[PDB]
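# Survey of secondary and tertiary structure
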Amino acid sequence: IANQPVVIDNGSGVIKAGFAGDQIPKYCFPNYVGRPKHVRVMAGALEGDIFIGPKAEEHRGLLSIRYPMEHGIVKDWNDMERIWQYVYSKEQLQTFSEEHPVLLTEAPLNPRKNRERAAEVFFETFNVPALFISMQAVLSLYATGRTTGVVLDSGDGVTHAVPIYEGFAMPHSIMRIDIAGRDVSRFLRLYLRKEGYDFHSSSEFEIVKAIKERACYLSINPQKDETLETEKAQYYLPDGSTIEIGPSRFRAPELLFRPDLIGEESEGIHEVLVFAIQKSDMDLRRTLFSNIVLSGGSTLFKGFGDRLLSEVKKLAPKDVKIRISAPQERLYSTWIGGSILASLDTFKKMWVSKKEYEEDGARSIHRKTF
Amino acid sequence: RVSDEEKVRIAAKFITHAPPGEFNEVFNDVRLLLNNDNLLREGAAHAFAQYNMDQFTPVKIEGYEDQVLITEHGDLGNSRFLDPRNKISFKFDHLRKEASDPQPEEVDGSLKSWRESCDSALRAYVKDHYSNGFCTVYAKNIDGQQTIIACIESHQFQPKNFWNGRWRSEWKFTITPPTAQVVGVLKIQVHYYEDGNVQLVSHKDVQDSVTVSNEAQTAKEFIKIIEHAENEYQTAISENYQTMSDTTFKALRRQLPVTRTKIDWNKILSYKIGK
Amino acid sequence: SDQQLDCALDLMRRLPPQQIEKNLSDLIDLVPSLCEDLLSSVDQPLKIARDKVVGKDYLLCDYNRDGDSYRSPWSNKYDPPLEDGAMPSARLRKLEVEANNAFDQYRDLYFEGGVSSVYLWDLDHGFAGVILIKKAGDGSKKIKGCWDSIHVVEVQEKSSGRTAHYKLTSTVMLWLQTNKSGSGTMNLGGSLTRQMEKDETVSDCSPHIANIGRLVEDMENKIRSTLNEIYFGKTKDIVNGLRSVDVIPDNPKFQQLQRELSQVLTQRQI
């Protein structure tokens, strides 16, 4: 049973899906489960009472949105099962789970219990013929067409700098933080309350994400922007009322570089990138500096790459050629790589078959990934 | 003016406890320090004997095609060491890298023949644990007692990298019917010296009681004890330190303060506490 | 004898940093002519001192010491009492008292224990300080450990514009002992040194010591995180790479992955 395999690229913020050997993921939607706050009085209302994807985006105000996955670690397993069922259902894929092999993705260095429980869901609840979990950085390099280079990424949950050199993903040199787009959105929400405009509701939380996506920019010199007084630019909400954003827009994405502002000890994106290069061998450092690939949604801030280049110039040894490259479609970089990896004839060897899982168990899944 | 006898004792302490990646360099550093060679060269020769036994390092004898570790259990006493696998005596030169001019040895080896089957097994499991692994399973009578003494090591030294990882394993198995007694110590050492030093130093002492049954069973039972111990050791050595050192190293000094805010210097210089 | 000093420094860089005091004393026994050179060049754990008039501990360095006696930062006096010791200026002494008080609150927040000391020696173009800290771990626990600061700073005050070129040289001398988990006991000894320079404009609100402090805080957060990794980056790959039981099953897989990557390599291109 070697049908066209499916590539479900997981993520805390957004979840991508579709078939192998494709240019773009056809099925992209945000990873959450909306449920109705209000009392459904009238007959002929929205049926089901568990909303995922575009229906939930259309009907935000009704639904109490909650995310199942934080920092690449699922909290609510029943919610992720409903999301995966919605992916396979007629509203999105129009396929059965029994036909196609599965390509899953996860952030590196996660708890193994969650990886085991993920496999249990795919093999038992769904009747998958073969499963395969993989890295995000390895796929992003397959999407670009390079083998050597570091992959800095920044989704909604995790930020991790994975160094790879000619098909050798060093498991030891992988740096990681639990600081990312969701924490930046939460930090921007806190700043908007300091400005004046309070947002506490779960449906109203996605307006803060929309403001973060649209009206934000990362300054090169933060001390210079602190001394100067801001212009206070405007933005229209979904309702109609205008909001002067003020200094919150530029101080919000500083969290990624300065993790002390939220109140939690971490390295930072720029430190993690330097740190992933340093932990590798001495001969391979200069090739890793030359090939730095960006990925994820939280790398799309204005003057983000320029700030990363300046931070590398400050920390790294002098007289070294720095190059932070990036693809055009930074959001769909990991999925394209999975679609390429799935289309290859080698893919049959790597996967965990259902028969092999039934015989061995979790140990076979731990062996095949690394 | 320090006495010549004082100079040798100072040299001995450094040579007896030097990191094996750079110990031959440490000897060169002690020799490049003090002008005269003979005073250190004579003193180091005795230190090297005691030192190269505690390392469990093998000298390759020219025509064996394998590596025989050297310890206190191989020491014949006449400056020559046993090779219990190939069963030939060899003279180990302690300054120079090689050991040559071997001598065929012949002993009844009744206690020694039993363990050599367990030895040849152990090797295959050593090869399983390490990419490059060498061993020696000494056979000897100790004050009437009957004792197998397997040893394993691993040497991973590079000059350019400035890091050196070194493993040494000591394992004694006393044969007593039915119940046998085991004593073993397990020492790791890693050293990184770039932009400043970091050292890993370790050991685990283990006391175990085993029961003898068969040659196939005793060969696969001791190895099993070693396999589980050295994995549990490496597991703890890797997994505890990556997390627990991070928290205990943090319990001493925290990465950010108890407030989780970078301390304000303006606050420190114009605030008062107490009553 | 310049090579002897190079070897002496090379030897202290390879012997255990836990026994610097014993090995340095023996190294001076073996080379008595280099005694003055080694005492200046070889960094060693900081000595504890006690101010009897105030009833407080201070720390000892080469810079604060003048001859046989050491200026206490609390009383401004040397023990044993020297007749005409090398004191700072009355303005710098007042600044030095404010340094001690500021870095007292610094240490007490980061560690919540131990002892510190701060001494600033007067220069014509500048004011140059030493910030010593010594924190001991839990003695009752089997895991012993300490953390030691040696932040030396040099501030070049400019004439016009009120700006100041800072030059921080920071050493961090650590020894973690770990005796737990019923699996054995490991003792790890670190010693990284990092340099940082900066020109900052002087504020009337925040004095120059606060500007120095900001370098210490940022340096300590970075040195600590750098240290932290140099521990794992080596203790992980080196130890795991030597005795990995999962190396032999993954080696067969890696060889399969070698054929696979090679098939991927051709297909990535076209």
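Residues numbered from 1 in each chain as written, not as in the entry; some residues may be left out. Chains lettered and ligands numbered in written order. Part of a larger assembly, values for the part shown. Heavy atoms only, no water.

This entry, as listed in the PDB, derives from cryo-EM and reports a resolution of 4.00 Å.

The PDB lists this entry under the title "CryoEM structure of dynactin complex at 4.0 angstrom resolution". The heading Sequence similarities (unreviewed entry) in the UniProt record of chain C holds the text "Belongs to the F-actin-capping protein beta subunit family." Here is the UniProt Subunit (unreviewed entry) comment for chain C, exactly as written: "Heterodimer of an alpha and a beta subunit." (UniProt positions renumbered as here; feature names shortened; annotations may be inferred.)

The name the PDB entry assigns to chain B is CAPPING PROTEIN (ACTIN FILAMENT) MUSCLE Z-LINE, ALPHA 1, from the organism Sus scrofa. You can read under Subcellular location in the UniProt record for chain B the words "Cytoplasm, Cytoskeleton". Recorded under Sequence similarities, the UniProt text for chain B is reproduced unchanged: "Belongs to the F-actin-capping protein alpha subunit family."

The next thing to look at is helix α2 (residues 20-30) of chain C. Taken as a whole, α2(C) has its buried residues at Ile20(C), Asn23(C), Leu24(C), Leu27(C), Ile28(C) and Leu30(C). Along α2(C), the residues classed as buried sweep out an arc of 160° about the axis, all on the same side. Packed against the buried residues of α2(C) are α1 (4-16) and α2 (23-33) of chain B together with α1 (2-12), α3 (35-41) and β9 (163-179) of chain C. (Buried < 20%, exposed > 50% of the residue type's maximum accessible area, 1.4 Å probe, protein only. Helix = DSSP H or I, 4+ residues; strand = E, 2+ residues; numbered from the N terminus. Arc of directions from axis to C-beta. Contact = heavy atoms within 4.5 Å.)

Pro178(B) follows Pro177(B) through a cis peptide bond whose omega is -5°. Here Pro178(B) lies in the loop between β8 (163-174) and β9 (179-193). With an omega of 0°, the peptide bond running from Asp79(C) to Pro80(C) counts as cis. Along the chain, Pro80(C) falls in the loop between β5 (78-79) and α4 (90-110). A positive phi angle is found at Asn76(C), which is not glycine, with a value near 65°.

This part covers the domain arrangement of chain B. As a measure of interface size, the accessible area lost when the parts come together is often cited. Residues and elements named next belong to chain B. Looking at chain B, the domain boundaries give domain 1 (1-107) and domain 2 (108-252). The straight-line distance from the C-alpha centre of domain 1 to that of domain 2 is 22 Å. Counting from both sides, the interface comprises 23 residues of domain 1 and, opposite them, 27 residues of domain 2. Buried area between domain 1 and domain 2, both sides added, is near 2,200 Å², and the carbon and sulfur share of it is 56%. Residues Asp54 and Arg168 are paired through a salt bridge, measuring 3.2 Å at the closest nitrogen-oxygen approach. Where the side of domain 1 that touches domain 2 is concerned, the elements lending two or more residues are α3 (38-55) and β2 (67-69). (Domains from an automatic or database assignment. Buried area = accessible area lost by both parts, 1.4 Å probe. Salt bridge = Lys/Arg side-chain N within 4 Å of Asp/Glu carboxyl O.)

Glancing now at the domain arrangement of chain C. Residue and element names in this part refer to chain C. Partitioning chain C into structural domains gives domain 1 (1-88) and domain 2 (89-270). For domain 1 and domain 2, the distance between their C-alpha centroids amounts to 22 Å. In total, about 1,900 Å² of surface goes out of reach between domain 1 and domain 2, with carbon and sulfur atoms giving 68% of it. The three residues of domain 1 that bury the most area against domain 2 are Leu46, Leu59 and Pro88, which together make up 32% of that side's buried surface. A salt bridge links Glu96 to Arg71; the shortest N-O distance between them is 3.1 Å. The interface formed by domain 1 and domain 2 holds six residue pairs in polar contact in total. Take the side of domain 1 that touches domain 2: its biggest share by element is five residues, from strand β2 (residues 56-60). (Polar contact = N/O pair within 3.5 Å; in protein donor to acceptor, adjacent residues only side chain to side chain.)

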